[PDB]
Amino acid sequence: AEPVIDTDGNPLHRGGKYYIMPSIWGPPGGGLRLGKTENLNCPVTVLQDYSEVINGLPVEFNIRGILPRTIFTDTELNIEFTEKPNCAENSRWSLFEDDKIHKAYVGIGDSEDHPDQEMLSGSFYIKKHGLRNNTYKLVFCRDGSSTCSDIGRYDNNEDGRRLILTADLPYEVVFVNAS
C-alpha cells in the first residue's frame, strides 16, 4: 500500500476536500456532481459532468476514528460530497440497484431517497489504476460478501454519466485539492 497522491504531489489526508477529475488517459469531461434523473427529481444521483470546465462538487473521505491521517490505497473509507441538497437525507455515496438499466449506480442519501431500488451497504477504497503516474480508480466492497468491484462510468444521457459497478472499464481519476 502507498499514499494516494493529489495533482499537486501531496498525499490525500483526512479533512482534505477534492474534486475527482478524469485522467487524460481515459475519456474526458469534468468533475463529479449531483443531478436529477427522470424518476428521481431530488438530485441524489452522482453524475460526471460532460464539460471539462465543470469542477463539480468536492468530496471528502470519512474514515474510522478522528485523528488526522494520510489516506492510503488500503484505507477503508466512505465518500461524501461536501455539499448536500436539502431534499436528501445525507451526502454520503452508496450503491443502488437500478432495474431499468440493470446497473448498481452511485447515489447519495438513504433508501427512501431512492425508492424501490435496493441499497447496497459497503465501503470504498482508492486503488492505483494500472501504472500511469498518480492515477487511481475507486473500488466498492459490499458488506456481507468478500468481493469488490471497480467503479466505471455509464452514460444514460442524464446530462452526465453515472458511476456504476463494472467488471470492465474502471474510471481512471485524479484528485484535485479543492482548497
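In this text, residue numbers run from 1 along the sequence as written.
- The deposited model assigns a higher average Cα B-factor to 33-41 than to the other stretch when 50-58 and 33-41 are compared.
- Looking only at 11, 15, 22, 160, the residue with the top Cα B factor in the deposited structure is 15.
- When the C-alpha B-factors of 28, 68, 152, 122 are read from the PDB record, the largest value belongs to 122.
- Residue 148: CA B factor in the highest third of modelled residues in this chain (values from the PDB entry).
- Ranked against the other modelled residues of its chain, the C-alpha B-factor of residue 79 as given in the entry falls in the lowest third.
- In this PDB entry, the Cα temperature factor of residue 108 sits in the middle third of its chain's modelled residues.
- Among all modelled residues in its chain, residue 139 ranks in the lowest third by Cα B-factor.
- Per the deposited record, the Cα B-factor of residue 172 falls in the lowest third when ranked against the other modelled residues of its chain.
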